[PDB]
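Chemist: just to be clear, this is only the beginning of the complex, oriented as in the whole thing:
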Amino acid sequence: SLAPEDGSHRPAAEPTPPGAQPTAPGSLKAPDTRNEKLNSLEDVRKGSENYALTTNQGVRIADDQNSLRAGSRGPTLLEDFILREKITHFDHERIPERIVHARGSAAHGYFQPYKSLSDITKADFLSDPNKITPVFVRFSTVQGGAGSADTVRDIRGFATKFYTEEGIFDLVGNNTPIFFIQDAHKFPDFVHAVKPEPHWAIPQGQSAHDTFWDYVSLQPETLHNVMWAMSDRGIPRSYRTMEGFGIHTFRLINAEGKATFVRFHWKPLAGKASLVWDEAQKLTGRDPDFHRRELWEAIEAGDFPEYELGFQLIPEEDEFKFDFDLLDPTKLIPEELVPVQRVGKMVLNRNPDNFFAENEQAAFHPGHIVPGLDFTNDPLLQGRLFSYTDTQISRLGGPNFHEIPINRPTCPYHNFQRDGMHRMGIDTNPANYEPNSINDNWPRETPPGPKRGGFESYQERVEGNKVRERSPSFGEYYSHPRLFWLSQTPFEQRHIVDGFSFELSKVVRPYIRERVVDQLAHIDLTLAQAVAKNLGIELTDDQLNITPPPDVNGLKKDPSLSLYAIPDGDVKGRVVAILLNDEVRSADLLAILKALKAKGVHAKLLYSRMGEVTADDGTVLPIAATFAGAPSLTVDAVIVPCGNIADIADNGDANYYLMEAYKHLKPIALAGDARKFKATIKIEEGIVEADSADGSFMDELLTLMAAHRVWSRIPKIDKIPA
């Protein structure tokens, strides 16, 4: 036996905070967490304990350390079938990554509606509040490879697979309410422009390069989503603290055949929160797996990601009642005009067992709808319908990808389709065609109806000539970027300006920067002038006289477009770094940890080395990580208790820890002699201080944490050397 006698190799099969135990496969960590889909995967789960090591043919292996050779120093023999099977499997492990959204993190969960929506849709999963639908959700970046970093500046994907009683419904959305382009025909152009440049395959996970900004400068339809990407929306704190959107206008179909236009929303119940750019970029280096880690550990801790599904509903007769086209995916529907109606709740409560088998092989596709839903003529959605089925043929090696366990429906599926690579199902039907008499025509067609009926498309009126032509109604590119801009707080506006300025500073060809500044002048002159100033560009008199674009249906702002204008902070699941010293004041630590526990905030005890330190009262404190090992980038706030401050006062890493946290607008709390640290960080805003840590001290810190970041600190942070 190679396991330690104390059993410290095995994580506790109960909820534990981040860092407390090694992470584990979901069905070992949380064995009692179940749903219909998780149970249906039991047929393919493979254990390991007490089993013999074998070949894939079931032959027991005696020596898994050596190849078969002619003498102990001899050549390896071709008859070593064990070696060749092992190496062959290894040699063929990889499959193509997703063309886009290759970097992603996933979890299992469930969805339940608040009330029946039978009045507006016949979709079974929305028919009854007691109807629970298992889900599998994958969050992702867009540009980067599967080996790229999490905290890049990019759009994020938010894909949900609903295992309904009437079929798989995939809600394949993003974290912004619009897309960059209007027509699917341009998707390869846009994606090629943002992806690493063809000659040298640089840069990874970054849109800050010539080809991206060249395309943007030449395609003003891109400007709306570019605004969102340049904002702090492009750098979420966690997948738990971002919004989700279906983007396209879809249809709901009820039993009477009435169509209602709908746009889908996911509201994070943990609130909206993003990083700041320097923090995000440095985090790609210190922890490229930050979001994947945070998601996994939140679930292991019982801090389940929760989202509320919401619908913006528009009657069919209101199709033309807006200043923009409902079918234009570069346009958002302001919540001030059409509110989001709460529909139900989704809870992600279990991680996968095997990342490759469940996450990598998962196939989501927006064409996977169910009776009660339908499409629209949105020309981006229209092209997506082709792409997802297509790509899955090579990525997942054939037309039987629905037979890969994670992708399998939980409801019945029977048809006349046969064969294909890796065919799992053995069909016993004497017939492989219909109509047939030899099997009494089974499986049979089902007419459409109120429940358990066949799929029938909504009989939308089609009138026109066969044209490859963009609707003139789509030819407005600046009003939604302006609405977005004006809805942001002054600090959010600054971060947008900084995002554009940083990105355009990496564009080698100056004329491209100039062309982008010209586009910005069509959105807002304050924005354009601020970016131009940072690039050493002067706006022309013509540029200064560009008439701003029209309001959107009389709106000059919509606060729902800001991350922070309306506070929605929640501290549960956040993490605090506690900077230890070799003689901690135990009274401070007791008070700190008790207050954090009460609010479900986690703590990580940090020091200059690993192991343990002893407090003033003899309490042995185990160290989670070093100051360098778990930088401030990975936490939400920093607390420094009193004690032997002289031990860490001259520690460069401890001082820098606070300077970085300060720069990145994080709350900092200093008790007793820890207040000596104020001077070393050049000092202000959001610094909690007192003689000791108590109720008052901790309440103040937790109030700051609910506000996420100390925005009031921004005016002089430029001057701080960190």
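Modeler: It's in. Numbering: from 1, shown residues only, chains lettered A, B, ... in the order given.

Chemist: the closest residue to residue A:410 other than its chain neighbours sits in which helix or strand?
Modeler: Spatial nearest neighbour of residue A:410, excluding adjacent residues (C-beta to C-beta, 6 or more residues apart in numbering): residue A:163 at 4.4 Å. C-beta: built from backbone N, CA, C; applies to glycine. Residue A:163 is located in strand A:157-164, with elements delineated by DSSP states H and E.

Chemist: what lies in contact with that strand?
Modeler: Counting contacts by C-beta atoms under 8 Å, 6 or more residues apart in numbering, the residues outside strand A:157-164 that touch it are A:36-37, A:101, A:104, A:111, A:123-125, A:133-142, A:168-175, A:239, A:242, A:244-245, A:266, A:346, A:362, A:364, A:370, A:407, A:409-411.

Chemist: alpha carbons of stretch A:353-368, in PDB - could you do that?
Modeler: Once non-C-alpha atoms are left out, stretch A:353-368 reads as follows in PDB (Å, rounded to 0.1, in the frame of the first residue of the first chain):
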ATOM      1  CA  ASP A 353     -16.100  12.900 -13.200                       C
ATOM      2  CA  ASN A 354     -13.900  13.100 -16.300                       C
ATOM      3  CA  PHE A 355     -13.200  16.400 -18.000                       C
ATOM      4  CA  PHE A 356     -12.500  14.800 -21.400                       C
ATOM      5  CA  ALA A 357     -15.500  12.400 -21.500                       C
ATOM      6  CA  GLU A 358     -18.100  14.900 -20.200                       C
ATOM      7  CA  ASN A 359     -16.800  18.400 -20.900                       C
ATOM      8  CA  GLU A 360     -14.500  18.000 -24.000                       C
ATOM      9  CA  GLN A 361     -17.000  15.700 -25.800                       C
ATOM     10  CA  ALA A 362     -20.100  17.700 -25.000                       C
ATOM     11  CA  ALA A 363     -21.900  19.000 -28.200                       C
ATOM     12  CA  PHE A 364     -24.200  22.000 -27.900                       C
ATOM     13  CA  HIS A 365     -26.100  23.300 -30.900                       C
ATOM     14  CA  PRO A 366     -28.800  26.100 -31.000                       C
ATOM     15  CA  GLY A 367     -30.700  24.100 -33.600                       C
ATOM     16  CA  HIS A 368     -31.600  21.700 -30.800                       C
END
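
Chemist: now do the phi/psi pair for residue A:541.
Modeler: Backbone torsions for residue A:541, taken as degrees, to the nearest 10, come to phi -60, psi -40.

Chemist: neighbours around it, how many?
Modeler: Around residue A:541 there are 6 other residues, counting by other C-beta atoms under 10 Å.

Chemist: same question for residue A:197.
Modeler: A count of nearby residues for residue A:197, using other C-beta under 10 Å, gives 14.

Chemist: so who does it touch?
Modeler: For residue A:197, the contacting residues are A:203, A:209, A:210, A:211, by C-beta under 8 Å, 6+ apart.

Chemist: same thing with residue A:100?
Modeler: For residue A:100, the contacting residues are A:142, A:143, A:191, taking C-beta under 8 Å, 6+ apart as the criterion.

Chemist: that older thread, could you give the bridge partners of the residue nearest to residue A:410?
Modeler: In this entry, residue A:163 is beta-bridged to residue A:168, by DSSP bridges.

Chemist: check the gap between residue A:28 and residue A:639 for me.
Modeler: Here the criterion is C-beta to C-beta, to the nearest Å. By it, residue A:28 lies 33 Å from residue A:639.

Chemist: between these two, which one's more packed in?
Modeler: Between residue A:28 and residue A:639, counting by other C-beta under 10 Å, residue A:639 is the more crowded of the two (27 against 12).

Chemist: surely the more buried one meets residue A:575?
Modeler: No. Using C-beta atoms under 8 Å, residue A:639 and residue A:575 do not qualify as a contacting pair, with a distance of 11.2 Å.

Chemist: common neighbours of these two, please.
Modeler: residue A:603.

Chemist: any idea of the angle the helix or strand where residue A:266 lies forms with strand A:157-164?
Modeler: With elements delineated by DSSP H and E, residue A:266 resides in strand A:259-268, which encompasses its position. For strand A:259-268 against strand A:157-164, the angle by axes from the mean of the first three to the mean of the last three C-alpha atoms, to 10 degrees is 120 degrees.

Chemist: while you're at it, add chain B from this line:
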Amino acid sequence: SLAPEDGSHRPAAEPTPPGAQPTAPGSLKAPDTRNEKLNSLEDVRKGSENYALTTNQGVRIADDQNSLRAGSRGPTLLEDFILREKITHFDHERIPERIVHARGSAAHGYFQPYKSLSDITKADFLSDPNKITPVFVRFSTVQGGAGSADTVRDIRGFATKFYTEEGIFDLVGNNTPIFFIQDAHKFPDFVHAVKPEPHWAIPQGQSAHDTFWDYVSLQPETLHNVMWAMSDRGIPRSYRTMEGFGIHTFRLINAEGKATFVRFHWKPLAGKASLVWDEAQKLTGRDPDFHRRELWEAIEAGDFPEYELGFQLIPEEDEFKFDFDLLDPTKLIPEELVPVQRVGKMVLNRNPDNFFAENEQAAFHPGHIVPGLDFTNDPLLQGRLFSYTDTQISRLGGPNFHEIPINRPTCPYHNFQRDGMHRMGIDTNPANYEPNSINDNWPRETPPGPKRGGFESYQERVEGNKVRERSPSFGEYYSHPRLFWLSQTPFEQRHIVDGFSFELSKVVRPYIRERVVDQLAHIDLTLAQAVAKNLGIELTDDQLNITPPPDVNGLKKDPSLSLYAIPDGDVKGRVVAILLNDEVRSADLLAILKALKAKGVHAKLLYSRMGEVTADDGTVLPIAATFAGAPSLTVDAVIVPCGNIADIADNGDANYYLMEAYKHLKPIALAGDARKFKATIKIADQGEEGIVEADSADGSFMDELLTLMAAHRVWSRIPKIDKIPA
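Modeler: Chain B now in position relative to the chains above:
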């Protein structure tokens, strides 16, 4: 026409320094750089200028902005074949990445031997000093995906494809002289242990996790290469500044049939240089493409990466004369016992045109040998021979991967092999078998001979039973790690201690840390105690009394194992950040730039914004990047000229730029009023070694800075950096 009238969209087709022009495909940047392989690729190069946009079937496209629909707001029609072809191609762009070494950067070049090696090998590419062999080289990491970062702590791959007149020879090596494991059967175990853990697929490009250290703690054969990985060898400054090794003992076969044992080496003519850990980790975030970029830009600048091929030669009769087994890939051959003999030079002088077509699709395999070379029974090499052919079947979609242009030999190839997915060659031979009479048995076998002969294996004696058994001669795991350790400078030793300490601090299960510390106690007690102290572990009395391993054939050290013990610094191709102000003293800048240019050192002019600034004499200075946009991590040294220092004195990014460079041991030079920055980095009025200072940027100032740059980093500053909060 969408291009600017001034033609500023197009790079100059001449050598230009990094950042001066946009980067470009190799055949457009350097059209006059040629070799037999590059010329042979002309049949597949596709241009673009002046051509109509078409489908893959040659049909001209009229509107590439829209799908075909029934009305301008109507549904997309299935008959839009243009849209479906475009989307189909897009949907199927990706191929599987390499299982290992997925992250890599490549270039074209050439090799030439110094003299004929006909006496020791009949390999045609080594037969004549005037015989030029084109090469294609790919450098890589091991663990990370194709989208992972360059400056991770890892082993680096160094793969060379030699397009010889007698076949492709692939020299598939790494940047360390040994591997982690002994037998190929364990490769999936080792790789699975270092790779992201299976449940959650974390961490990327990092060995700092439980499963890796669990495997290491249970498999002491790994300790030697682990030592190299934990050292600064694991974080090279550039692919130009690392060594290369074949690792395995191979054979050279001459015309008389004599076998000589050989180990292959690549000596970087730019010298050995590595980053420091904090810098390397931060660089993964600030520029994950740092090495790929540096390689591409060095070639575009005319700073061609050069390497000297060298051989360690051991006569057949000396097989057993060492304390270690020659066939053991976890053992190195000390240069003090067997010197590296200079063989030839390789120059990388042209970048690819299309990364996917040339780099991603390149297939290297150590089994691709030529007459004059042969294998040995090294059990790691033996298994490699199976793997490379095998993996290429799925990665490159079939058995015709040699037909992918980059992989094609330049010499003739004819055989009876037919068909297979994406078969390019159309065979006209009436026969697809041999022996045949219908084509008079052509193509024909060729007997082995001195030149242009068929391949015949060296008739090595085989004696033994069919066994899955490790040779007892391989059962020594601590002497080579100790030899390596003792060969390092004190600062290199500190960096190794820090490497282990950092990595083990990320291992969740404490017992694994304790088990690794126990292994270290079998190598060197100073090393073990220093790592233990950083982990809050106490060594037991038994651990303190472990007898050190034996010397390696009487050697206690070998300085050839250190990066820095023997100076080999070269400043050409290095880069200096110049921190500008809004009224630069032009006299300082003229002197600075002229001195750097003369030594082939590049400069990047930095400021708080993009655009231009004007010097005191009206000279317009173009800004390459901002202080935040091009951090100190990306440069080798920092110079601050005089002028209006008040403009940047309070700039947090400018101050931090210097603090970061200081912590990372980089030379810093301050002219005139720029000396006010000494307060940020806590330099005394009397100065400090490694900080160049003067009233102006005169003759002595630049010479002092360049002397510091030739020494790479200011090691003497190490005791001073701990106090700096950066």
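
Chemist: ok chain B is in now, so what about the neighbour count of residue A:197?
Modeler: Other residues within reach of residue A:197 by the criterion other C-beta atoms under 10 Å in any protein chain shown amount to 19.

Chemist: measure it to chain B for me?
Modeler: Residue A:197 sits 8 Å away from chain B when distances are taken as C-beta to the nearest C-beta, to the nearest Å.

Chemist: now that residue: phi and psi?
Modeler: As for residue A:197, its main-chain torsions (degrees, to the nearest 10) stand at phi -60, psi 140.

Chemist: same deal with residue A:300?
Modeler: Dihedral angles phi and psi of residue A:300 (degrees, to the nearest 10) take the values phi -70, psi -30.

Chemist: can you name the residues that contact it?
Modeler: Listed by C-beta atoms under 8 Å, 6 or more residues apart in numbering or on different chains, the contact set of residue A:300 reads A:15, A:16, A:18, A:21, A:23, A:24, A:29, A:30, A:351.

Chemist: what of residue A:441?
Modeler: For residue A:441, the set of contacting residues under the criterion of C-beta under 8 Å, 6+ apart consists of A:434, A:435.

Chemist: so which residue is smack in the middle of chain A?
Modeler: Central residue of chain A (C-alpha atoms, centre = their mean): residue A:139, 3.6 Å from the mean position.

Chemist: residues near the closest residue to it other than its chain neighbours, how many?
Modeler: With sequence-adjacent residues excluded and distances taken as C-beta to C-beta, 6 or more residues apart in numbering or on different chains, residue A:139 is closest to residue A:239, at 4.1 Å. Applying other C-beta under 10 Å, we find 30 residues neighbouring residue A:239.

Chemist: so what's the backbone phi/psi at the residue of the stretch 151-300 of chain A found nearest chain B?
Modeler: With C-beta to the nearest C-beta, the shortest gap between the stretch 151-300 of chain A and chain B falls at residue A:285, namely 2.1 Å. With angles defined as degrees, to the nearest 10, residue A:285 shows backbone torsions of phi -90, psi -50.

Chemist: on that earlier part again, shouldn't the residue nearest to residue A:139 be in contact with residue A:103?
Modeler: No. Counting by C-beta under 8 Å, residue A:239 sits too far from residue A:103 to count as a contact (12.0 Å).

Chemist: that older thread, just the contacts of residue A:300 that are near chain B?
Modeler: When C-beta under 8 Å from any C-beta of the partner chain is applied, the members of these adjacent to chain B are A:21, A:23, A:24, A:351.

Chemist: with adjacent residues omitted, what lies nearest to the residue of the stretch 151-300 of chain A closest to chain B?
Modeler: residue B:285 is the one closest to residue A:285 (C-beta to C-beta, 6+ apart), at 2.1 Å.

Chemist: and the residue of the stretch 601-722 of chain A nearest chain B?
Modeler: Ranking the residues of the stretch 601-722 of chain A by distance to chain B (C-beta to the nearest C-beta) places residue A:611 first, at 1.4 Å.

Chemist: contact partners for that residue?
Modeler: Residue A:611 makes contact with A:622, A:623, B:535, B:536, B:537 under the criterion C-beta under 8 Å, 6+ apart.

Chemist: name all residues that make contact with the second one.
Modeler: It stands for residue A:623. With contact taken as C-beta under 8 Å, 6+ apart, residue A:623 is in contact with A:580, A:605, A:606, A:607, A:609, A:610, A:611, A:612, A:613, B:536.

Chemist: mind listing the strands for the stretch 451-600 of chain A?
Modeler: Listed in chain order, the strands found in the stretch 451-600 of chain A under DSSP state E, counting those that start in this stretch are A:466-467, A:575-579.

Chemist: and the last one, what does it pack against?
Modeler: Counting contacts by 3 or more C-beta pairs under 8 Å, 6 or more residues apart in numbering or on different chains; DSSP states H and E, strand A:575-579 is packed against helix A:586-598, strand A:602-607, strand A:637-640, helix A:652-663.

Chemist: what's the answer for the first one, then?
Modeler: Using 3+ C-beta pairs under 8 Å, 6+ apart as the contact test, the elements touching strand A:466-467 are strand B:69-70.

Chemist: hmm, try it at 7 Å
Modeler: Counting contacts by 3 or more C-beta pairs under 7 Å, 6 or more residues apart in numbering or on different chains; DSSP states H and E, there are no secondary-structure elements packed against strand A:466-467.
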